[PDB]
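Q: Take a look at the following structure, please.
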Amino acid sequence: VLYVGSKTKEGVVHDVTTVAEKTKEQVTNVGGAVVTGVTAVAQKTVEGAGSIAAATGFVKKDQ
Amino acid sequence: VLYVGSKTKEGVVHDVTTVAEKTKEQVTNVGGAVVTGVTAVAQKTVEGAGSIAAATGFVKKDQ
Amino acid sequence: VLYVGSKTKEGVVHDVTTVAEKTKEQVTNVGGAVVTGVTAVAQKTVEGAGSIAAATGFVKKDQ
Amino acid sequence: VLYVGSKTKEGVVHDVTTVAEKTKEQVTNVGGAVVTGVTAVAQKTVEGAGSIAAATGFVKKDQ
Amino acid sequence: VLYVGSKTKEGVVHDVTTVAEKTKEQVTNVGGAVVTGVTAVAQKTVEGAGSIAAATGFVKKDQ
Amino acid sequence: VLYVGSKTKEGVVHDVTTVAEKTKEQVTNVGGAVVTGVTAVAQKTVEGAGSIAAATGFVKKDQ
Amino acid sequence: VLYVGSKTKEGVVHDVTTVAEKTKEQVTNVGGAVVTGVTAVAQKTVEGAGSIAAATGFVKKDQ
Amino acid sequence: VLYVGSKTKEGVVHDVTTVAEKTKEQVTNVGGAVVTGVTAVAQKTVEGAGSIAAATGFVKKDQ
Amino acid sequence: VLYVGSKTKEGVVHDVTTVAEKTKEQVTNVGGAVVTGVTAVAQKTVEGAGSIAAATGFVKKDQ
């Protein structure tokens, strides 16, 4: 691997705006998962079998 | 691999705007998963068998 | 691996704005998980089998 | 009267949202009545002849 | 009257949101009545003839 | 009357939010009544003839 | 020139309202000119040859 | 020139309102000019050849 | 020139309001000029050839 004057952006996240208003949120959960917020993952490598890279709102009931 | 003066953007995310308003959200969950928010994943590599790269609102009941 | 005058941004996150207002949030949880806030993960490497890189709102009831 | 494990909601009011905006309201009244606001009455009993239960914007010029 | 483990809500009011904005309200009254605000009455009993339970913006010129 | 482990809410008011903004209110009154504010009455009993339970913006010119 | 009780408004500017909102403005310039703001010029006289009275967003590459 | 009881407004500017909000402004410039703000010029006289009266966002590369 | 009881406003500026909010301003400049603020010039006379009266965001690369 050789980079020579090579401006690079390997695996990034940027410029992520969010606006809400008057969001009268009622939420009720029992045993489950709820995700309502901004999430920003940025990885270069996730190696290994069985991996779970960057889940969100995940539920796992493996027997 | 040789980059020579090569402006690169391998695997990126950007410029992601979001606006809501008056969103009278009621949510009820039982055992499941709900996702209502902004999500931004950006990976360069996810290696390995059985992998789950960047799930969202996932449910897994493997026996 | 050889970088030579190569401005690089391997695995970053930036410029993530968020605005809320009057968000009369009621939340009720029983045994589960709720995520309503800003999350920003940025990794270069997550190695190893069975890994869980950057979960959010995760639920795991493995038997 | 016998209630036995009986979750009851006799005569209620709830969950009443209201939003206005830029409502350049001019109002002129002479001797009369004007009602422009949110009203929420909730009674269980109003007993007695001649009663007036929960009027609003009422005018009475009985001779 | 017998209540036995009976979760009851006899005659209630709740969860009453209100939002205004830029409401350039001019009001002029002469001898009358004007009501522009949030009102929330909640009674269990109003007994007696001739009663007036929970008026609002009322005008009475009985002779 | 017998209550036995009976969680009760006889005649209540709660959870009453209000938001205003930039409300350039001019008001002019002559002899009358004006009501522009939040009001929250909660009674269990109002007994007696001729009663006036929880008026608001009331005008009475009985002769 | 004779003004005699002559209410005059020679060369004026007034009453100029402006409202913006959520204006996610990205701007990129190279060597040029960009104008995005409120401008209000008001002159009575601009005398002289070759004059440039009240330019805006001007570019001049005279050789 | 004779003014006699002559209320005059020669060359004025007034009453200039401006409102912004949440204006997530990114700006990038290289060698050029950018103008994003309120400007209010008011002159009575600009005399002389070659003059530049009240420029804004001007660029001049005269050779 | 004769003024006789002549209320005059030669070359003025007044009544200039400005409101901003949450203006997440990033700015990047290289060699150029940026103007984002309120400017208020008010002159009665600018005499002389070659003059530059009340520039703003000006760039001049005369050779």
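How things are named: the first chain in the structure tokens is A, the next is B, and so on; residues count from 1 in each chain; ligands count from 1 in the order shown.
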As a list in words, please: the residues near residue G:29 (cut-off 12 Å, only C-alpha atoms, same-chain neighbours under 5 positions excluded).
A: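 Close residues of residue G:29: residues 34 and 35 of chain G; 26, 27, 28, 29, 30, 31, 32, 33, 34, 35 and 57 of chain H; 27, 28, 29, 30, 31, 32, 33 and 34 of chain I.
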Q: Take the residues that were just selected and, keeping N, CA and C atoms, output them as a PDB file, in the first residue's frame.
A:
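Listed below is the output, again.pdb:
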```pdb
ATOM      1  N   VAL G  34     -20.108  36.647  -4.355  1.00  0.00           N
ATOM      2  CA  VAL G  34     -21.420  36.149  -3.973  1.00  0.00           C
ATOM      3  C   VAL G  34     -22.038  37.138  -3.001  1.00  0.00           C
ATOM      4  N   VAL G  35     -23.320  37.430  -3.184  1.00  0.00           N
ATOM      5  CA  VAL G  35     -24.050  38.340  -2.314  1.00  0.00           C
ATOM      6  C   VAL G  35     -25.363  37.676  -1.939  1.00  0.00           C
TER       7      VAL G  35
ATOM      8  N   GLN H  26     -22.323  27.186   6.079  1.00  0.00           N
ATOM      9  CA  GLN H  26     -20.925  26.944   5.769  1.00  0.00           C
ATOM     10  C   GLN H  26     -20.547  27.811   4.582  1.00  0.00           C
ATOM     11  N   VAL H  27     -19.368  28.412   4.643  1.00  0.00           N
ATOM     12  CA  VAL H  27     -18.896  29.288   3.582  1.00  0.00           C
ATOM     13  C   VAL H  27     -17.435  28.977   3.330  1.00  0.00           C
ATOM     14  N   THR H  28     -17.062  28.868   2.067  1.00  0.00           N
ATOM     15  CA  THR H  28     -15.678  28.652   1.688  1.00  0.00           C
ATOM     16  C   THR H  28     -15.333  29.614   0.571  1.00  0.00           C
ATOM     17  N   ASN H  29     -14.254  30.358   0.743  1.00  0.00           N
ATOM     18  CA  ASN H  29     -13.851  31.358  -0.227  1.00  0.00           C
ATOM     19  C   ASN H  29     -12.379  31.183  -0.547  1.00  0.00           C
ATOM     20  N   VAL H  30     -12.030  31.452  -1.800  1.00  0.00           N
ATOM     21  CA  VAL H  30     -10.639  31.463  -2.231  1.00  0.00           C
ATOM     22  C   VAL H  30     -10.435  32.638  -3.174  1.00  0.00           C
ATOM     23  N   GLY H  31      -9.830  33.714  -2.681  1.00  0.00           N
ATOM     24  CA  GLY H  31      -9.521  34.856  -3.510  1.00  0.00           C
ATOM     25  C   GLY H  31     -10.684  35.764  -3.836  1.00  0.00           C
ATOM     26  N   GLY H  32     -11.919  35.307  -3.654  1.00  0.00           N
ATOM     27  CA  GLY H  32     -13.088  36.091  -3.988  1.00  0.00           C
ATOM     28  C   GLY H  32     -13.663  36.819  -2.791  1.00  0.00           C
ATOM     29  N   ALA H  33     -14.882  37.316  -2.970  1.00  0.00           N
ATOM     30  CA  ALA H  33     -15.566  38.087  -1.945  1.00  0.00           C
ATOM     31  C   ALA H  33     -16.962  37.534  -1.724  1.00  0.00           C
ATOM     32  N   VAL H  34     -17.374  37.474  -0.463  1.00  0.00           N
ATOM     33  CA  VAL H  34     -18.696  37.001  -0.084  1.00  0.00           C
ATOM     34  C   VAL H  34     -19.304  38.008   0.874  1.00  0.00           C
ATOM     35  N   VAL H  35     -20.580  38.320   0.680  1.00  0.00           N
ATOM     36  CA  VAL H  35     -21.301  39.250   1.537  1.00  0.00           C
ATOM     37  C   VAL H  35     -22.627  38.610   1.910  1.00  0.00           C
ATOM     38  N   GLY H  57     -19.807  43.307  -2.120  1.00  0.00           N
ATOM     39  CA  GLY H  57     -19.456  42.086  -2.817  1.00  0.00           C
ATOM     40  C   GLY H  57     -18.705  42.370  -4.095  1.00  0.00           C
TER      41      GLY H  57
ATOM     42  N   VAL I  27     -16.828  29.468   8.578  1.00  0.00           N
ATOM     43  CA  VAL I  27     -16.337  30.326   7.510  1.00  0.00           C
ATOM     44  C   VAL I  27     -14.880  29.991   7.270  1.00  0.00           C
ATOM     45  N   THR I  28     -14.501  29.864   6.009  1.00  0.00           N
ATOM     46  CA  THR I  28     -13.119  29.624   5.641  1.00  0.00           C
ATOM     47  C   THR I  28     -12.754  30.570   4.516  1.00  0.00           C
ATOM     48  N   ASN I  29     -11.666  31.299   4.686  1.00  0.00           N
ATOM     49  CA  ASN I  29     -11.243  32.282   3.707  1.00  0.00           C
ATOM     50  C   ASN I  29      -9.772  32.083   3.397  1.00  0.00           C
ATOM     51  N   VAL I  30      -9.413  32.334   2.143  1.00  0.00           N
ATOM     52  CA  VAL I  30      -8.019  32.320   1.720  1.00  0.00           C
ATOM     53  C   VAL I  30      -7.793  33.482   0.767  1.00  0.00           C
ATOM     54  N   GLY I  31      -7.175  34.554   1.252  1.00  0.00           N
ATOM     55  CA  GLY I  31      -6.844  35.683   0.412  1.00  0.00           C
ATOM     56  C   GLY I  31      -7.992  36.604   0.072  1.00  0.00           C
ATOM     57  N   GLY I  32      -9.235  36.167   0.251  1.00  0.00           N
ATOM     58  CA  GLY I  32     -10.390  36.964  -0.097  1.00  0.00           C
ATOM     59  C   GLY I  32     -10.961  37.714   1.090  1.00  0.00           C
ATOM     60  N   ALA I  33     -12.172  38.226   0.899  1.00  0.00           N
ATOM     61  CA  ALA I  33     -12.850  39.018   1.911  1.00  0.00           C
ATOM     62  C   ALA I  33     -14.254  38.488   2.131  1.00  0.00           C
ATOM     63  N   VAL I  34     -14.674  38.446   3.389  1.00  0.00           N
ATOM     64  CA  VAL I  34     -16.006  37.997   3.767  1.00  0.00           C
ATOM     65  C   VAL I  34     -16.603  39.023   4.711  1.00  0.00           C
TER      66      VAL I  34
END
```
Q: Going by DSSP on the backbone, which bits of chain I are strand (DSSP E or B)? Write them as a VMD selection string, please.
A: chain I and resid 2 to 4 13 to 14 19 26 to 28 33 to 35 39 to 43 46 52 to 53 59 to 60
Q: List the spatial neighbours of residue I:10 as a list in words - criterion: any atom at most 12 Å away, only C-alpha atoms, same-chain residues fewer than 3 positions off excluded.
A: residues 8, 9, 10, 11, 12, 42, 43 and 44 of chain G; 7, 8, 9, 10, 11, 12, 13, 42, 43, 44 and 45 of chain H; 6, 7, 13, 42, 43, 44 and 45 of chain I
Q: How would the residues just picked look written out with N, CA, C and O atoms as a short mmCIF file (atom, residue, chain, number, x, y, z; two decimals), in the first residue's frame?
A:
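Result saved to result22.cif:
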```cif
data_model
loop_
_atom_site.label_atom_id
_atom_site.label_comp_id
_atom_site.auth_asym_id
_atom_site.auth_seq_id
_atom_site.Cartn_x
_atom_site.Cartn_y
_atom_site.Cartn_z
N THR G 8 -41.16 66.57 1.50
CA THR G 8 -40.51 65.91 0.38
C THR G 8 -39.76 64.68 0.89
O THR G 8 -39.37 64.61 2.05
N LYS G 9 -39.58 63.70 0.00
CA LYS G 9 -38.89 62.46 0.33
C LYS G 9 -37.90 62.09 -0.77
O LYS G 9 -37.87 60.96 -1.25
N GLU G 10 -37.09 63.05 -1.20
CA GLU G 10 -36.18 62.84 -2.32
C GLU G 10 -35.18 61.71 -2.07
O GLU G 10 -34.28 61.85 -1.24
N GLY G 11 -35.33 60.61 -2.79
CA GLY G 11 -34.34 59.55 -2.76
C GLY G 11 -34.19 58.81 -1.45
O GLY G 11 -33.13 58.88 -0.83
N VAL G 12 -35.22 58.08 -1.02
CA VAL G 12 -35.19 57.41 0.27
C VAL G 12 -35.45 55.93 0.07
O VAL G 12 -35.79 55.47 -1.02
N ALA G 42 -29.40 54.25 -0.97
CA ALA G 42 -30.29 55.37 -1.22
C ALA G 42 -29.44 56.60 -1.42
O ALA G 42 -28.89 57.13 -0.45
N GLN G 43 -29.34 57.07 -2.65
CA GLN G 43 -28.49 58.20 -2.98
C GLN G 43 -29.33 59.33 -3.55
O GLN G 43 -30.40 59.11 -4.12
N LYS G 44 -28.84 60.55 -3.38
CA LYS G 44 -29.46 61.68 -4.04
C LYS G 44 -28.75 62.04 -5.33
O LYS G 44 -29.40 62.50 -6.28
N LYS H 7 -40.24 70.28 5.45
CA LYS H 7 -39.78 69.04 6.04
C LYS H 7 -39.28 68.07 4.98
O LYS H 7 -40.07 67.56 4.17
N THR H 8 -37.98 67.79 4.97
CA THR H 8 -37.32 67.11 3.87
C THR H 8 -36.60 65.87 4.39
O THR H 8 -36.22 65.80 5.56
N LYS H 9 -36.43 64.88 3.51
CA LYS H 9 -35.76 63.63 3.86
C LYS H 9 -34.78 63.23 2.76
O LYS H 9 -34.76 62.09 2.30
N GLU H 10 -33.94 64.17 2.34
CA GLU H 10 -33.03 63.94 1.22
C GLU H 10 -32.05 62.80 1.49
O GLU H 10 -31.16 62.94 2.33
N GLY H 11 -32.21 61.69 0.78
CA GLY H 11 -31.24 60.62 0.82
C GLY H 11 -31.11 59.89 2.14
O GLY H 11 -30.05 59.95 2.77
N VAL H 12 -32.15 59.18 2.57
CA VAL H 12 -32.15 58.52 3.87
C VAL H 12 -32.42 57.04 3.68
O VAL H 12 -32.77 56.58 2.59
N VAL H 13 -32.24 56.29 4.76
CA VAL H 13 -32.62 54.88 4.85
C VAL H 13 -33.12 54.65 6.27
O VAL H 13 -32.46 55.06 7.22
N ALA H 42 -26.40 55.25 2.69
CA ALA H 42 -27.27 56.39 2.43
C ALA H 42 -26.39 57.61 2.23
O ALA H 42 -25.84 58.13 3.19
N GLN H 43 -26.28 58.06 0.99
CA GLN H 43 -25.42 59.17 0.65
C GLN H 43 -26.23 60.31 0.07
O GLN H 43 -27.30 60.10 -0.51
N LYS H 44 -25.72 61.52 0.23
CA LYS H 44 -26.32 62.66 -0.45
C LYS H 44 -25.60 62.99 -1.74
O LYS H 44 -26.23 63.45 -2.69
N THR H 45 -24.29 62.78 -1.80
CA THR H 45 -23.54 63.15 -2.98
C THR H 45 -22.28 62.30 -3.06
O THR H 45 -21.62 62.07 -2.05
N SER I 6 -36.84 74.77 8.34
CA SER I 6 -36.96 73.62 7.45
C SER I 6 -36.29 72.41 8.09
O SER I 6 -35.10 72.18 7.90
N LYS I 7 -37.08 71.64 8.84
CA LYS I 7 -36.65 70.40 9.45
C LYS I 7 -36.16 69.41 8.40
O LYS I 7 -36.95 68.91 7.60
N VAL I 13 -29.29 57.53 8.34
CA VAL I 13 -29.69 56.13 8.44
C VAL I 13 -30.21 55.92 9.86
O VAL I 13 -29.54 56.33 10.81
N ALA I 42 -23.45 56.39 6.32
CA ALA I 42 -24.31 57.53 6.03
C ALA I 42 -23.41 58.74 5.82
O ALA I 42 -22.86 59.27 6.78
N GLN I 43 -23.28 59.17 4.58
CA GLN I 43 -22.40 60.27 4.24
C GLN I 43 -23.20 61.41 3.64
O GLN I 43 -24.27 61.21 3.06
N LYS I 44 -22.67 62.62 3.79
CA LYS I 44 -23.25 63.76 3.10
C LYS I 44 -22.52 64.07 1.81
O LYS I 44 -23.14 64.53 0.84
N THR I 45 -21.21 63.84 1.76
CA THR I 45 -20.45 64.18 0.58
C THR I 45 -19.21 63.31 0.51
O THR I 45 -18.55 63.08 1.52
#
```
Q: Report as a PyMOL selection string all protein, DNA and RNA residues lying within 8 Å of residue G:19, evaluated on only C-alpha atoms, omitting residues in the same chain fewer than 6 positions from it.
A: chain H and resi 18-20
Q: Could you take the residues named above and write them with N, CA and C atoms, as a tab-separated table (two decimals), in the first residue's frame?
A:
```tsv
chain	number	residue	atom	x	y	z
H	18	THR	N	-34.62	42.61	10.00
H	18	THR	CA	-34.07	41.36	9.48
H	18	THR	C	-34.12	40.30	10.57
H	19	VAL	N	-34.58	39.11	10.21
H	19	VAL	CA	-34.63	37.98	11.13
H	19	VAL	C	-34.10	36.75	10.41
H	20	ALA	N	-33.20	36.02	11.06
H	20	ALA	CA	-32.71	34.75	10.57
H	20	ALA	C	-32.99	33.68	11.62
```
